[PDB]
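Sequences listed follow chains D, F and C, in order. When we follow the entry's author numbering, the leftmost residue of the first sequence carries the number 8, and every step to the right adds one. When we follow the entry's author numbering, the leftmost residue of the second sequence carries the number 8, and every step to the right adds one. When we follow the entry's author numbering, the leftmost residue of the third sequence carries the number 26, and every step to the right adds one. The beta carbon of each residue, even a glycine, is placed where N, CA and C say it ideally should be. What follows is a short report on a single structure.
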Amino acid sequence: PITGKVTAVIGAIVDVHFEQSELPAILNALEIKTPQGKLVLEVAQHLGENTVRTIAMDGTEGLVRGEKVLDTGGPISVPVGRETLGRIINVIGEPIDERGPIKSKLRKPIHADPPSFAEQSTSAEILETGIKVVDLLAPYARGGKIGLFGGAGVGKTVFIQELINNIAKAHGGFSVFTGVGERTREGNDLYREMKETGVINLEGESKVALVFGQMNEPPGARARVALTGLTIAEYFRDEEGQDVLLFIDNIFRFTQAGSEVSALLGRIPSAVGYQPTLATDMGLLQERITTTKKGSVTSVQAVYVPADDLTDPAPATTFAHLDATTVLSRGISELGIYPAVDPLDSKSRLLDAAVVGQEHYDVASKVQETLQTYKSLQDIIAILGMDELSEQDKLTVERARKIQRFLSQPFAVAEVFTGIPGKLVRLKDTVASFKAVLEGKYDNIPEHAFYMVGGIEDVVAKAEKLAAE
Amino acid sequence: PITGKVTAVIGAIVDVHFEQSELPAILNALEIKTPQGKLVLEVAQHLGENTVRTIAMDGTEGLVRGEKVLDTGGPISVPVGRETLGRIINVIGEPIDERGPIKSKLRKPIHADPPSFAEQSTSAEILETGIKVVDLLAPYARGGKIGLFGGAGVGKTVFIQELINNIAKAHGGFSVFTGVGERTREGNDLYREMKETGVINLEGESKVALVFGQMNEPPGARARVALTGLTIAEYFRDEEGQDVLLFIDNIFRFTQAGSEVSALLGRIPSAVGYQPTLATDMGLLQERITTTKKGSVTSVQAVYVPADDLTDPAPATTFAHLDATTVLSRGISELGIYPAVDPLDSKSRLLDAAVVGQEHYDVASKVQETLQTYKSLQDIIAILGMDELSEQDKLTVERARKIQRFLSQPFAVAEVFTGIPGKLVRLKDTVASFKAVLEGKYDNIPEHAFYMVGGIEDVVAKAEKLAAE
Amino acid sequence: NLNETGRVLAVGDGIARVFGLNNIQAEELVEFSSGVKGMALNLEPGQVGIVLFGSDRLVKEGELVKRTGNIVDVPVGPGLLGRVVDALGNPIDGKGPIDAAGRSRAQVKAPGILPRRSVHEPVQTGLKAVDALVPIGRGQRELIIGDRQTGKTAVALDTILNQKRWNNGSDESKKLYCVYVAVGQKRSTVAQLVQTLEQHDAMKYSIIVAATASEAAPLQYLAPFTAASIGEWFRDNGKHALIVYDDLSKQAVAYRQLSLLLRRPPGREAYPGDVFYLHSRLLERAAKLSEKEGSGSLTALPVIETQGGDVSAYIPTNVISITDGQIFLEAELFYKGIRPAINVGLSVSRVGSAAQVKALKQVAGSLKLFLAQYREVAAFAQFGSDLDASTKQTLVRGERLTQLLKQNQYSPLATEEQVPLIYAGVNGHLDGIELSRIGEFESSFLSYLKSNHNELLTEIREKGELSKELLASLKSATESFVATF
Ligand SMILES: Nc1ncnc2c1ncn2[C@@H]1O[C@H](COP(=O)(O)OP(=O)(O)OP(=O)(O)O)[C@@H](O)[C@H]1O
Ligand SMILES: [Mg+2]
C-alpha cells in the first residue's frame, strides 16, 4: 500500500514524502499509528519532490521526522445510517461516547459536490415551526439556511431544543447536530438535556445524531466537522427519503478555522485576516444544504458576530447564503419575554404575499408597523409621559405592548424549570389571532392575558381566570 | 588574538567572518582600528558559515570590505564607582568631557542579569515632589519606579528638570542621569546648572554621574547607553550600598533604536512596525531598574508617546513596569494648564488610605469625581450650554474648572520662557487647599485666581490683587 | 550519532537552528553544551528550530546539542501550596525545595464531553457586582477584560482572599485552592502580591507561577499550561481550583515573538495564525467533573488588557469567543467612584442562575431588571427633574443601586451580608436615603443586622435559600432600620 514518511512538522501542518512515486490526492486522508489513538491528516497541497503538505486532525505533538504515514485511499469517511442516531461522532467518524462502535453498513465521504442546477427545487416553501414570532414575522424555509444570532444566555439552547422537538416530533423526521468549535460544557449540557427530553435514548429508538468538534481541537478539525454532519444529513435525505434539519453551532468558527489553516499553509491573508477562499469555502458548505427531489436538508446556523460588527467578513459572507434570520437579543429578556426573539431585527426573505399569502403579509406588516411606531416614541414616553400622546398613539402603544407580550410563548420543554405547561401554535391560529388583536376586537383585555398564552382562545380564558381571582 | 574580516555593511549592521572556528560570543565587543578612531561592534547573532552579525556603536562611514576586526574578549565594559562621579561617559565608557581618563579600579560589563525574586524589596514611602498634581493624585514612591509619559511639546523635560531640582538635592545619596535620545542642548543646560549649583564640582567631591547618548548618535548607541547608566547605578546600589536615584530620558528611544536595527538584522516586523523582541528586550533593561535588599534605586523615566498614541506598543508595554505613571497630555497644554498632567490617566500604587491617609484619599477621589463629571458633560456644554444642567452640576462644573486650573503650578526652571516665578507646595498644604475648595469655601473667588499660583493663600492674594484692579 | 546529538548552525534572538536530531519529537526539550535548555518547536526537512529558555550568549555555532527525550513537564502535588515557582516548577521564593506527588506534562489534552458535569456551585467572590449580576461557577471560564489600571487584578485577588472563610474549614468540598499565573509582570509586582496574600493568610492555599518579563519568551508562553497542569492535579484528585491568568495578552505577545523569530508567517495584527489554538487548548482544560471522575473542578479567570477599549482587537476577539462570560472593567466608571468598575451592561454570564447562591438569585433577578431599566433611561440621567414620574423613579432606584454595588478593595463580603443589602435596595427601602449616605447605610445596617438580627444571617448562610418566614422578617428588620436611619 501507499506508504510515506514525514519530513516536517510545524504546528498543525505536516509534510509527507512518498518515495514510491504514487502520491495521494488532495483531500485524501492519511493515518499515523500514534501511541494514543491514531492521527489523521488531510492532504492540502502537492509541493513537488513527491512531497505533500497536510493539515492535522489532532495534536501533532510527539511526531518524529521519519514516521510512517499510510494512505486510506480516499477522503475522511464518516459512518452513515440509523446506527448514527444517539451517538456522538467526531470529525473522523469515530465514536466519542464510549458506547461502543458503530456497526453501520456504509461510510460516506465528507467531501461531495453540490446538486446540479437541474436538480434544485423550483419554488420556496414554508416550514411550520410552532413558534408564533418565527412563523408570523420571520418564517423559515424548507431546505433553506436559517441564521440564529444570540448567546446561550438568551435561550439559544432551548430554542434549538424546541425546534428539534416540534419539527421532528409533531411533523416527523430526523435531525443532525454539528458542534463546530462548540464549548465542551455546552455540549455536555445539550447531551444531558436531550437525554432529559427524550430525543436521545440509549436502550431504544433515538432521533438525533451528534457530531462534535470541540474548541480544543486543531483548526483542521473545526474546518471539517461541519461537513462531517452535513454528510449524515445528506444521507438521510438521499438514502432515507425524508426531510431533515441540520444544526451548525457556530458557523463563525468554520471561517475562523479556515483562516487558521490558510495562514498556516502560507496563503497571503486578505482583509482583516480571512482566507481568500472564504466565499468559496462557505459556498461549498452551504450549497449542499438545499432541497432536492428526494428531500430537503434544512439548516439552523448560529452566527457569532465578533464585536457586534455585522460588517466583519465572516457574518457578511454568511448573510449572503441564509435567507431567514432570528435575533435573540438581551434587550428583550431584560424585560422578561421569552423566546426573546426581536420582532423587528429578525427578518425573512419568505415574507412575501406569493409565499405566505396576502392575509399573512398584511398582519405581519401592520405588526412591524405598530412595534416600530412604539419603538419610535420611547424617548417621548420617557421624557414626557403617555398622557402627552395622542389618543391614536396611545392605542398604538397599548396594542404594541399587547403584541410584544403575545409574541411570547411557553416551550413544551420549559415545563421542568419554568413549570409552565408549554404549547405550540399553528400558523393559522397565529395569523388570525393577531389579526383579531389588530382589528381591536380584544382591546378590552389587559396585557397580562397575552403573556404566556398559545393563542387568543386561551387569552380569553386567562383573562376570565385572572379577573375571577 | 581572535581576528576576522568585514564582509558586509548595511547601515549600523556589520558582518564579520572569522577564518577559524573560534568565534566570538554574542554581546561580545569587537574593535576596528580605523585611522579615524576605533569603532566598537556588538555581536548580535551568529549567521553561520563562520559569520557573525553585529551592531555598530558609532558611524559606519568609511568601512571597507576586508577590514580587520579584533575580539576584546568580553562585553562592553564601563567604569564604575566613585570616580565616575562628576563626569560624562559615552556608551562605550570613554569620557566625552575633556578631563582625561576615568581612573577606576573596576570596569564592569553593561550586560548583567536582573535580581532574583528573593532579592526584591517593596517600599511604600512617599516622595514629596513639590508638585501639586503629583503629590495629590499620583504620589511617587521612594525606591519605586516613575514614568513621565508624554508626547512632543507637552513639557516633560521641564518636569524632569523640576524633579532634579526638587528631589536630587534632598536625596543625599548618589544620582545617575542617562540621556537616551534627548537634546544635546538640554544636556549642556543640565551640566551647566549642576556645575553652578555645586553638585558637579569639577575639582572636588561630586555626587552625580552623567551618561549621554543623544539623538545625534547612531541607533546602536541609543540602544545600549541605558545599560551603561544602569551599570553605574547598579554598582552604587550593590557595591556601595548607598541610596540611588536614576534618571532616564528618554527610554522610548531604546526601543526605537532596536526597531531601526531589527529590519536590517533580518526579522519579520511585528505590529505597527516594531521589532518582535520589544517586550523582552525592554524587560531585560527595565527589571534591572529596581530596588533590592542590598540597596534602593528610585527611578524616574521619561517615555515618549508617538503621535500622542498612548496605545503604541512601546508605551503600552512600559506602563506595566512602573509603580507611578503621570501622563502629560496635549489638550491640557492647549488649555494653558502647565504642567499638563491628565488628572485622571495619572495613577500611583500609593494612593491608598493605608499610606496617604483617608483624608488625602477622599480628597483625591472627590477631585477625580468632579473632573470626570466635568468631562462627561462636555458635549452638552458644547451644544446645549450650561443652562440646561441642574443646580448640583453647575456647581460641579464651576468647581471642576477651578480645580483643573489649580493643578497648574509654575516651575523655577520654566521662568525663562514663562515669566511667572516658581512655587513649591507642600503635600499637607495641597491636601488642605483642595479640601477647602471641595468643601466650598472659595466659591466666591473667580477662576483666574487659581491659575498658575501655588497654595490657596496665593489664590486669596491674587483675588485681592485682581479686585484692586 | 547525529540522531541523538546535533550541531548548531546559527543562533540569535533566542532562536537556534540545529543540524541533525533526526529522531527528535515535536515540542521536545534539547540540552545544549553549557546546559541551556530549549524547546524544539519546528521540525524541518533538514534542521530543527529550538527556542531557548535562557540567554543566547551561551550558545555558539558548532555547539553540540543533545536531546532529552522529555516533553516539557512540571511537578504537581500539594507541597506546592504556599510557594512561588517559575514556569517549570522551580522554586524562586527561596523557602527551599518543592515536594511533589508527581510530574505532569504541560500540554495535556482537556477532558471531553462525557466526563464533565454541569456548573452548579458558586465561586464566591465577595464582590456584590459579580455574585449578584455576573455569577462565576466552579468549572467556568470568565474573562476579566479591561483597559490598563482598571481593577482586574483586584477582582482576581479579592476572589482569592474571600476563600479564607471556607478553606480553613474541614469540609473539603467547599474549600477552593488558587493558582496565580503572572505572565509578563515585573518581579516587584509579584513581591507585592505575595505580601498581600501573606498579610491575609491566603498563601497557604495559593500557588504563584511567575514567568516574569525578564523570563525568556518561551517560558512566558509555557507558564499558563504548567499552571493549568498544577491545578489539574486538584481537579483529578477531587479537589477544587481557581486559576487566574494575568495576563493572556502577554502570552500572545510572547508566542508572536517566538513565531516571528521562527519565520512563521503572521496573521492579523502581526500575531501568528494559530493563537486561537494556543488559548483554546489552555482555557477549556477547565472543567467540572462528574462523580465518576471525582467531582473535582478547575475554574479559569483569564485577564485581557484592551487598548483604547477596543474589543475588535485580535486576541480580545478570540478570548471573548472562548470564555463563558466576561467582566468588563471601564475607567469612566472608576473615576466616578464606581469601584470595582464593572460595566453591568457589557458584562455577561452564560452559566447564569445555575452558578448563583439561591438567596442571591432570588434578588439578583429584580436587581438586573431594574439596572436594565436604568441603562435604558440613563441618557437622560442629568435632566432628572423634567422627566416623567416613572422615568424619575427608575433613575432614582437605579442610581441608588449602582451606588449600592460599590465596595472597598481587599474588603470582600459574605453572601449573608450581600442578600440583605440587595434586598433593601430592590424592594425600594433605600429610595428615601440620599445618594451620598448609601455608604453609611451598608456599613451601619449590617452592623445592626449582625447585632440585633443574627439569626437571619445565620439562616441565610446555613440554609442557602430565603424562606418566606425569613423574607418577611427581613422586611421587618429593614423597616426597623430605615426608620432610625
Ligand atoms: N474596589 C476598589 N476600590 C478602590 N480602589 C481600587 C479598587 N480596585 C482597584 N483599585 C485600585 O486600582 C488600582 C489598580 O489595581 P489593579 O492592580 O487591579 O489594576 P490592573 O487591572 O491590574 O491594572 P494593571 O495590572 O495594568 O496595573 C490600584 O491602585 C487599586 O488601589
Ligand atoms: Mg494587573
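Whether residue i touches residue j by CB criterion (9 Å)
i: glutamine 165/C; j: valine 376/C; result: yes
i: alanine 145/F; j: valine 404/F; result: no
i: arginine 60/D; j: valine 13/D; result: no
i: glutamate 69/C; j: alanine 35/C; result: no
i: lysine 152/D; j: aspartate 288/D; result: no
i: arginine 94/D; j: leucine 217/D; result: yes
i: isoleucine 340/C; j: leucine 273/C; result: yes
i: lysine 386/C; j: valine 369/C; result: no
i: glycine 88/F; j: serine 111/F; result: yes
i: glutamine 293/F; j: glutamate 357/C; result: no
i: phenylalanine 181/F; j: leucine 197/F; result: no
i: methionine 201/F; j: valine 215/F; result: yes
i: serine 303/F; j: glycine 150/F; result: yes
Proximal chain D residues relative to residue i, where beta-carbon distance stays under 9 Å
i: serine 346/C; result: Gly188, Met222, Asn257, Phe259, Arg260, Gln263, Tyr311 and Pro313
Contacts of residue i in chain C (Cβ-Cβ under 8 Å)
i: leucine 271/F; result: Ordered by position in chain C, no residue passes the 8 Å Cβ test against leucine 271/F, which lies about 13 Å from the chain.
Opening and closing residue of the alpha helix (DSSP H) in which residue i lies
i: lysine 435/D; result: 434-445
i: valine 404/D; result: 398-413
i: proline 226/D; result: 226-229
i: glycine 194/D; result: 191-204
i: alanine 270/D; result: 259-271
i: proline 341/C; result: 339-347
i: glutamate 465/C; result: 463-477
Contacts that residue i makes with chain F (C-beta to C-beta distance below 7 Å)
i: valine 278/C; result: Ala286
i: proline 291/C; result: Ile275
i: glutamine 217/C; result: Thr129
Partner residues on chain D for residue i, Cβ-Cβ distance less than 8 Å
i: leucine 394/C; result: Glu341, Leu342 and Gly343
i: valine 444/C; result: What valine 444/C touches in chain D: nothing, since even the nearest Cβ is about 22 Å away.
Residue i: contacting residues in chain C (beta-carbon distance under 7 Å)
i: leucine 391/D; result: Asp413
i: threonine 14/D; result: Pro70
Chain F residues whose Cβ lies nearer than 8 Å to that of residue i
i: residue 583/C; result: An answer regarding residue 583/C cannot be provided, because it is not within the stretch 26 to 510 covered by chain C.
N- and C-terminal bounds of the beta strand (DSSP E) containing residue i
i: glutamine 293/F; result: No beta strand (DSSP E) holds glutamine 293/F; the alpha helix (DSSP H) holding it covers 285-293.
i: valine 21/D; result: 20-24
i: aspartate 256/D; result: 251-256
i: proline 86/D; result: 84-87
Contact list for residue i against chain F, beta-carbon separation under 9 Å
i: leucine 286/C; result: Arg274, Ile275, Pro283 and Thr284
Contacts of residue i in chain D (Cβ-Cβ under 7 Å)
i: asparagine 67/C; result: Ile17
Would you mind listing the beta strand (DSSP E) stretches within the region 377-448 of chain C that are 3+ residues and don't spill past its ends, in chain order?
none
Complete alpha helix (DSSP H) runs within the region 332-387 of chain F (minimum length 4 residues, chain order):
337-341, 360-363 and 365-383
Please list the residues of the region 332-358 of chain F that have a C-beta atom closer than 7 Å to any C-beta atom in chain C, keeping them in chain order.
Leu351 and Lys354
Taking Cβ-Cβ distances below 8 Å as the criterion, which residues of the region 206-233 of chain D are in contact with chain C?
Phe219, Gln221, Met222, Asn223, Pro225 and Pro226
Residue ranges of each beta strand (DSSP E) within the region 40-70 of chain C, 3 or longer:
40-44, 53-57 and 62-68
Short-range partners of chain C found in the region 56-71 of chain D, where Cβ spacing is below 8 Å:
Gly66, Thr67, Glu68, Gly69, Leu70 and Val71
Of all the beta strand (DSSP E) runs that stay within the bounds of the region 26-79 of chain F, which reach a length of 3 or more residues?
36-39, 46-55, 58-63 and 75-78
For the region 102-132 of chain D, enumerate the residues whose C-beta is nearer than 9 Å to any C-beta of chain C, in chain order.
Here the close residues are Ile103, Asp104 and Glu105.
Threshold first: 3 residues or longer. Then list the beta strand (DSSP E) segments lying entirely within the region 137-175 of chain F, N to C.
147-149 and 152-157
Members of the region 254-272 of chain C that neighbour chain D once the beta carbon cut-off is set at 7 Å:
none
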